[PDB]
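Written out below as structure tokens is the structure these notes cover.
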Amino acid sequence: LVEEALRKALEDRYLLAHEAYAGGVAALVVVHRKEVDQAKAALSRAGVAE
Amino acid sequence: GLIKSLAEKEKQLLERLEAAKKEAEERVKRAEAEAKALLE
Amino acid sequence: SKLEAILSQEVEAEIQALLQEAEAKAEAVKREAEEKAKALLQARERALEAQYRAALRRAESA
């Protein structure tokens, strides 16, 4: 779901990473600094939290 | 999540920028030297 | 990544801009010198010649 939010904003200009710890994966989006609002906004649409 | 890639490139570039500044100032310092001599 | 590609080209253009900037500042330095040195030499030659013409005057006057 987040990946879709991110996909729309970021396209492919992010490389999207997750690492498991069970119960979910601790996640990073790395984006350009320039891309940052669009990335945060993707989380915002989603309601996923930092 | 290509990580490595992006986490190498940012270093490589950076020290090249540093270096640029040095060679850069040197040119001014060259004309400064010449400025010093030409008056002296 | 495409992501780092943009970072590369960006940084690199700054590298190119620093050097270019520097060159112009070097010229500016250069151009000070030229005028200054010239500007020093004339006025003091000038002055001596007047102190010359005036010196003989007093001699002649004697």
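Cβ atoms come from the backbone with ideal geometry, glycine included; neighbour counts cover every protein chain shown. Each value in this text was obtained by applying a stated rule to the coordinates, not by laboratory testing.
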| task | From the list B:7, B:31, B:35, B:20, pick out the single residue that is among the small types (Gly, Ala, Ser), surrounded by 13 or more Cβ atoms within 10 Å (Cβ to Cβ) and farther than 28 Å from residue C:38 by Cα. | result | B:20
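Take the residues in the range C:1-41 that are among the basic types (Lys, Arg) and at the interface with chain B (Cβ under 7 Å from one of its Cβ atoms); name whichever of them is farthest from the chain's Cα centre (by Cα). Walk me through how you get there before you give the answer.
The initial filter retains those residues of the range C:1-41 that are among the basic types (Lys, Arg), namely C:2, C:25, C:30-31, C:36, C:38.
When the remaining residues are screened for being at the interface with chain B (Cβ under 7 Å from one of its Cβ atoms), the result is C:25, C:30, C:36.
Numbers: C:25: 10, C:30: 4, C:36: 7 Å.
So, considering only residues that are among the basic types (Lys, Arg) and at the interface with chain B (Cβ under 7 Å from one of its Cβ atoms), the one farthest from the chain's Cα centre (by Cα) is C:25.
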| remark: Checked C:3, C:41, C:7 against criteria (more than 30 Å from residue B:18 (Cβ to Cβ) and surrounded by 10 or more Cβ atoms within 10 Å (Cβ to Cβ)); the one match is C:41
| task | Among the numbered conditions (1) within 14 Å of chain A (Cβ to nearest Cβ); (2) assigned to a helix (DSSP H, G or I), tell me where residue B:29 comes up short. | result | (1)
